[PDB]
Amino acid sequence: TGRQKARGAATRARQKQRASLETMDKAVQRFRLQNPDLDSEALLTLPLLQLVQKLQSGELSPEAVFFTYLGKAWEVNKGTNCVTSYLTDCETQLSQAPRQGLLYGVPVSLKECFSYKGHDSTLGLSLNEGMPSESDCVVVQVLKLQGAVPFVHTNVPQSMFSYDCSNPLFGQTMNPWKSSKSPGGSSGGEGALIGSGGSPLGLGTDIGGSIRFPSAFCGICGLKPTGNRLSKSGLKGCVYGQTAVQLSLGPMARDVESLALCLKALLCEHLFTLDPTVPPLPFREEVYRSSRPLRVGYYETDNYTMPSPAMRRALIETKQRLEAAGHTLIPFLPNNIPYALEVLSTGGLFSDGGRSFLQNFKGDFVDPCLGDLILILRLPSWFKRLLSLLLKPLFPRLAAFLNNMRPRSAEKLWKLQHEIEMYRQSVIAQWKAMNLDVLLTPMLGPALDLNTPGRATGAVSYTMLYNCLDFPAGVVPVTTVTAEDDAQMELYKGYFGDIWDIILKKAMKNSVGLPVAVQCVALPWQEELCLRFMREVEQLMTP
């Protein structure tokens, strides 16, 4: 009732998913029959750069690499539900992959929003079902021109506006380390698939952490570039024309060198000609390969989200190993974080009170992983305001987010956009006054229980700050939760004692052994330097 259309969409989506997996399995079995000899485990454990080298040299055939990864992806999907669709014609793309491409023969996984000709990009939304893309988005075209073979679409939380990973069409994606845990999101299918060995390279998008959450939660590396470093042309989205806080797309992979190779392959004449709106900045190898001592700003906490004990240890140990390696570590925290999060980020993301975003959910189910976000956004402006006034004395954080999610005039949007611009210049000035090269920060972890990110909005603080600032930011795994880390979490209080702090403690319970990351940041357009820094952390923390 009011859900007949949504129910029919889910029924067809599930049958498409099921038929996709069956097709993959058929293809894999056929291949294995003809190739009983192939050492599949050796092939799967090769770091991407080595895989690429052997594909370029002919030591490994693209078919062997393709079907071996296809088989692994099908297998790890069993326990994770990360795959929504097999990009069918990728078998033919395989046979015609450009031979001198930088990614020749490399199977690549795609977050579902990367439009692929002939396939839906549903984003888990009933209204996007049965609407196959007319063509590949630009970054998909460039991947193919560089010889890569995009082979699957991976799951996202409904609408993508979430750091969990469930929707009413394909269901819930689970963390491959612990099935009761979220894989993070919104690029959570990617995180789960790459984190379990089913893909050597993937693409995600990030507006509040959506590349970094799943990378950290699933123990892999991820980079969110400056928003306009790579082309978003052709991507499927759910809000259009919101430019205060820009969406960014970037790579996810098992190591830092893979992220660098992916960026190098994307930043080519092909991309710059297909999307003239992206500045034609080539990948600067000399910056990325540099090995000079860095001035590293760092903070153990943002005073907003109290770090978990494992987060704090991860940060301090990384700081200490960097110092031992000759880098200079400088205490540094961007000024006015609560304003950046509550006023600028929230205000920019929801300038219209959520009406545009809400159009997506009309007649649809609302996935439990979204929590009360939809119900809150639907509230009348006067009531959001009233409710905010009431909450303010007891729970200022909740009050602040709520008041800043109201609709406003174009006049007020200009003012907010100007404040965003000035805040960016403020942090840049602060940075330059300490002469920083890069910035090391905590990263949210370990993974939260399924269906809890929707109830812990405050915890986007570590990531969304750099969307607001539009600085490149990436994450690197550096440790795993210990018994002691996990025991200490039982004393966690947070700085506010509101529902978000309380949920986080419970949602992080039972995490021994899960991966924990740190975040590496550089200035706008300095992706190469940001990756150089990530590489240094990777060398020191996972030797």
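Numbers follow the displayed sequence, beginning with 1.
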Response to the item:
Ranked by mean Cα B-factor in the entry, 360-368 and 330-338, top stretch is 360-368
Fill in: Stretch exceeding the other in mean C-alpha B-factor - 88-96, 266-274
88-96
Practice prompt. Pick out which of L51, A507, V475, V516 has the highest C-alpha B-factor in the PDB entry.
Written response: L51
Worksheet item: Highest Cα B-factor in the PDB entry belongs to which of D449, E300, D470, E134?
Response: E134
Response to the item:
Chain thirds by Cα B factor, record data; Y104 belongs to the highest
Worksheet item: When the modelled residues of the chain are sorted by Cα temperature factor, does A522 land in the lowest, middle or highest third?
Response: lowest
Discussion item. Taking only the Cα B-factors deposited for this chain, tell me whether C530 sits in the lowest, middle or highest third.
Written reply: lowest
Worksheet, complete the sentence: Tertile call for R289 (CA temperature factor, within chain, third-based) is the highest
Discussion item. Quick check for you: using the entry's CA B-factors within this chain, is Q141 in the lowest, middle or highest third?
Written reply: middle
